[PDB]
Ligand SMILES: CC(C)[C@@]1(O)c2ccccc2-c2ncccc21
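The chain below stands alone and is given in structure tokens; this is the form solved without the named molecule.
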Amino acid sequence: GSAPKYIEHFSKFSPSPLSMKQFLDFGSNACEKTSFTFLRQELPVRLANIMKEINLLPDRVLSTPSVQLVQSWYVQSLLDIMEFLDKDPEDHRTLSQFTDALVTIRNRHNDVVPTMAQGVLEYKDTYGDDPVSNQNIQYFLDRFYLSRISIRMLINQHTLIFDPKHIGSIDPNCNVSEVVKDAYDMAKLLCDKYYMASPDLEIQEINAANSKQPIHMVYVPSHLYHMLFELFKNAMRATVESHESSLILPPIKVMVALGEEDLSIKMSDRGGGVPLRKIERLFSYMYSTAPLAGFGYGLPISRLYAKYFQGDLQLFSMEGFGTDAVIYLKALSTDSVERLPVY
């Protein structure tokens, strides 16, 4: 076969990060031909850059089953997309079978998260959980997962639009507070199910420049929902379990602030907090892997969604009181550009 030749060829290119504007323009919308000619080049590039990094893991990680399995999905996926390079953009049947091909590739990779987690596990028992192993797992999986978020983004934008308000998974007029309440409502529903007490919500907006206007942005609301959901679930558990022997149950307070460049979402809880020394481990794939806890993408992945369009997600706590979690997002669509791992 040709996979090592392909990987090698296409890893010579750099991925091309897109901005919200580039994304919106792809989606308003007859330029299917153009998304196709873009993607049949860009996907192999992104696949091959990440595939190259996987193949440079030491052989005692690389030869484990979990990694072999995902390596075979990547090989197959890239091969699926090769078939279209010499194919004819004008032939409407080329276009339809390429969409079929993206969906098949999306389904194929759906279970990477639990697959990789078996690899982390196997490595922990098999070679240990020393700080140096931790940094390497961190470094690799943040890049692997960021890369994966970016590919799904490309693919979702194509299949949603080439099957008037929403542009695939981008909402150009996303009402942040609305996404906050929806994620609260959903986490409350689970909290009430498993704990039979749930905090309330207080939302406060601060629109610095337009004191009274509701706060809107261009964003991917499913991502924002993922992050808000994981935060609510954590804050609820902290709040509820820490106030079991007490009657008052503090609310979870969220502030949504709009600056000139940041759009910031703080979620404040009175769950008793975490000492400073234990905070980093909440972002560690390795320390948060062991053979309400069932729901959510997790902290480390929620931070990647934030980073993905040049934002961040940070935690700061006061042991004995509670924790603030903040999502930092870029306010302006012009500063929202894909952040892709640097190969």
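Counting begins at 1, following the sequence as shown.
Missing here is the form deposited with the named molecule bound; even so, the following discussion is about that form.
In the entry with it bound, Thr34 approaches the named molecule with a heavy atom inside 4.5 Å.
Within 4.5 Å of some heavy atom of the named molecule in the entry with it bound lies at least one heavy atom of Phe26. The named molecule is not shown here, but in the entry with it bound it comes within 4.5 Å of a heavy atom of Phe162. Contact annotation for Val45: none of its heavy atoms lies within 4.5 Å of the named molecule in the entry with it bound.
Screening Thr99, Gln157, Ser198, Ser264 for any heavy atom within 4.5 Å of the named molecule in the entry with it bound leaves a single hit, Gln157. Remark: of stretches 79-87, 149-157, 205-213, 175-183, the one touching the named molecule in the entry with it bound is 149-157 (heavy atom within 4.5 Å).
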